Amino acid sequence: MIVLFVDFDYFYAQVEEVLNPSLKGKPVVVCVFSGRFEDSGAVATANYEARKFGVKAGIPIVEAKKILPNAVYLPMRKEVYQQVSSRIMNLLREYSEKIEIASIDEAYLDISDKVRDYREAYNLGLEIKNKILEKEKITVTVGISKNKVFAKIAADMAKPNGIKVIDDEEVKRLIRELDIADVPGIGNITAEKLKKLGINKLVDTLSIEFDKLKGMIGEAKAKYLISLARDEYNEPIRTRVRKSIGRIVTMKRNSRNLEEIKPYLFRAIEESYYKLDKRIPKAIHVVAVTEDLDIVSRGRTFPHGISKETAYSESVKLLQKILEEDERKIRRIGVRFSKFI
DNA sequence: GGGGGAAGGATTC
DNA sequence: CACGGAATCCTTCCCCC
Ligand SMILES: Nc1nc2c(ncn2[C@H]2C[C@H](O)[C@@H](COP(=O)(O)OP(=O)(O)OP(=O)(O)O)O2)c(=O)[nH]1
Ligand SMILES: [Ca+2]
Ligand SMILES: [Ca+2]
Ligand SMILES: [Ca+2]
């Protein structure tokens, strides 16, 4: 099977440039301001001219200002990036019908019935890249291989604005050279666990007894690594469906006062419903980020849909259940709706 | 012994 | 000093055949 993976370069920042080309060349950082003070918040992402100095997704906006005081700092405009993404995805949907939109800027295309041998795939790659650069003026990186995982790894090795192919032979070389940490799905928590098992390469997962790999990282992940090691990973590409909609917000100050948190929670609910489109959820979860960046949630499933009146009422009850079972102060509050009809 | 929810936590991207 | 949207997986409790 031949899988082509696409991943837009420094997406949010690159969109901000396209919309104001006068930004190209200068350091661009897209921020999410929490409003706890002037520049409280984090970096959603930044362009290469900024990333080369350490400014990247996840760090505090303040840290970023210490490093690049003169960089251009723009507030994150999610709705806009979302549309630019949709237009591109619609464009990809014309090079293949079997498409899986993994994230706001990732997509896997199954082009097995559109080509043969990696030569035409590469060409189909430059075709897509050129097309996207023409109609939306966005640069993307392409990855091509036998399955979704290897297609993604390929892209990573080819960024930025690149394209690469990992053939059935190149793959065999990766199973022994690739750090188990650079495999998708293996974050820091899992990378260290596999380290204590003497698993530094994908192939090394074949040495341990399955029963103790499972004991360390769970069955799912275990069978996952083993499959990629035996070159037996072959997950189908397919339309993924939104199964959850929600909204979280940060409060000016950490609180425990129910009447103090409510207005925030109610704002989360109001946006969540507008976002719901016209979907009827039967489950609702209240999510709170406590004072020490720890997450705690409480929810309920109903035998019928949830009107907005019911969401309001139940959310307050669920928040109360949280303050009563956790002594910590609340920093962030939000709601999540699921189990749509 | 075991299926399927539901709930709350844990990780990853 | 650190935001957010959402998917998947895990352990536990449960009701009960
Ligand atoms: N709000 C928020 N957005 C994030 C975060 N991490 C990534 N994103 C955004 C950044 C991009 O706009 C989009 C895709 O992220 P990627 O990991 O693919 O990196 P990016 O697109 O920045 O460029 P790259 O792949 O490194 O060339 O998702 C995050 O921590 N918070
Ligand atoms: Ca990207
Ligand atoms: Ca991406
Ligand atoms: Ca990693």
Side-chain angles (χ1 to χ4, degrees), chain A residues 7 11-12 29-46 55-67 73 75-79 81-82 85 100-106 148-149 152 155-156 181-194 214-225 235 238 240-251 254 264 268 271-272 275-276 281-303 318 321-322 325-326 331-340:
Chain A
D7 185 319
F11 194 54
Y12 293 4
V29 190
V30 182
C31 311
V32 183
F33 304 86
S34 69
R36 297 193 82 193
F37 62 78
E38 224 208 69
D39 291 317
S40 55
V43 179
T45 196
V55 175
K56 61 183 183 313
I59 77 187
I61 295 183
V62 166
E63 288 315 275
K65 274 184 177 183
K66 288 192 289 223
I67 292 141
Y73 295 76
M76 188 189 82
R77 288 186 299 182
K78 192 66 181 287
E79 238 184 344
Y81 316 134
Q82 190 73 63
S85 171
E100 170 178 352
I101 300 187
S103 69
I104 193 161
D105 85 316
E106 267 169 33
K148 301 188 288 189
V149 174
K152 186 183 204 308
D156 269 323
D182 277 331
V183 177
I186 304 313
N188 283 315
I189 297 295
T190 299
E192 292 290 314
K193 289 179 183 169
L194 280 184
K214 161 178 180 303
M216 256 299 245
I217 67 177
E219 185 164 63
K221 204 95 74 175
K223 291 185 185 280
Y224 172 62
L225 296 180
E235 261 185 340
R238 220 163 293 311
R240 233 177 310 204
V241 258
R242 205 128 269 149
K243 299 176 189 175
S244 177
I245 304 293
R247 170 58 162 154
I248 311 184
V249 300
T250 289
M251 301 179 289
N254 301 347
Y264 284 107
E271 284 177 55
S272 292
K275 270 192 197 169
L276 272 182
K282 310 198 296 164
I284 176 167
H285 281 67
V286 166
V287 196
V289 176
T290 69
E291 20 166 9
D292 64 298
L293 296 300
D294 191 21
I295 301 159
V296 63
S297 73
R298 285 297 177 304
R300 177 176 165 182
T301 301
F302 289 71
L318 292 173
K321 190 156 184 291
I322 294 186
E325 317 188 317
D326 210 86
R331 181 181 171 144
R332 324 211 298 134
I333 196 68
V335 294
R336 195 100 201 158
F337 292 104
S338 51
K339 299 181 190 185
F340 305 127

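Below, all heavy atoms of this structure are taken into account, side chains as well, without hydrogens, waters or symmetry copies. Naming convention: chains lettered A, B, ... in sequence-line order (proteins, then strands); numbering from 1 in each chain.
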* Toss me the dot-bracket line for DNA chain C: Watson-Crick and G-U wobble, both under 3.5 Å, 5' to 3', using | for pairs to another strand and [ ] for crossers. => ....|||||||||||||
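- Taking the six-membered ring where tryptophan is involved, the planes of A/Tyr81 and A/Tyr12 are essentially parallel, since the angle between them stays under 30° and well short of 60°.
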* Begin with the C-alpha distance, continue with both residues' side-chain angles, and end with the deciding distance and a verdict on salt bridge (charged side-chain N to carboxylate O under 4.0 Å, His left out) for A/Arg247 and A/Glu271. => CA-CA 7 Å; A/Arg247 170 58 162 154; A/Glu271 284 177 55; 2.9 Å; yes
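- The line from CD1 of A/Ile186 to CD1 of A/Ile217 is 6.0 Å long, rounded to the nearest 0.5 Å.
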* Structure fact -> Protein-proximity profile, nucleotides 1-6 of chain C, B/S/- by nucleotide at the 4.0 Å heavy-atom cutoff, equals BBBBSB
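- Partners of A/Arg300 by salt bridge (charged side-chain N to carboxylate O under 4.0 Å, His left out), not counting sequence neighbours, listed by chain and number: A/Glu314.
- Within 4.0 Å (heavy atoms only), A/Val287 reaches no atom of the nucleic acid at all.
- Side chains of A/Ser244 and A/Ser338: a donor-acceptor N/O pair is absent below 3.5 angstrom, by distance only.
- The salt bridge (charged side-chain N to carboxylate O under 4.0 Å, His left out) check on A/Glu63 picks up A/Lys66, with sequence neighbours excluded.
- Remark: the separation of the P atoms in B/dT11 and C/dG4 is 22 Å, to the nearest Å.
- Listed by chain and residue number, nothing satisfies the side-chain hydrogen bond (donor to acceptor under 3.5 Å, both in side chains) test with A/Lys152 (two or more places apart in sequence, or in another chain).
- No side-chain donor-acceptor contact under 3.5 Å links A/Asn254 and A/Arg332.
- Annotation: cation-pi pair A/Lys65/A/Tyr73 present, NZ/CZ under 6.0 Å from the ring centroid and within 45° of its normal.
- No hydrogens or angles considered: a donor-acceptor pair under 3.5 Å links the side chains of A/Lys339 and A/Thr301.
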* **Contact pattern, 5' to 3', of nucleotides 1-13 of chain B - B, S or - by protein heavy atom under 4.0 Å** => -----SSSS-SSS
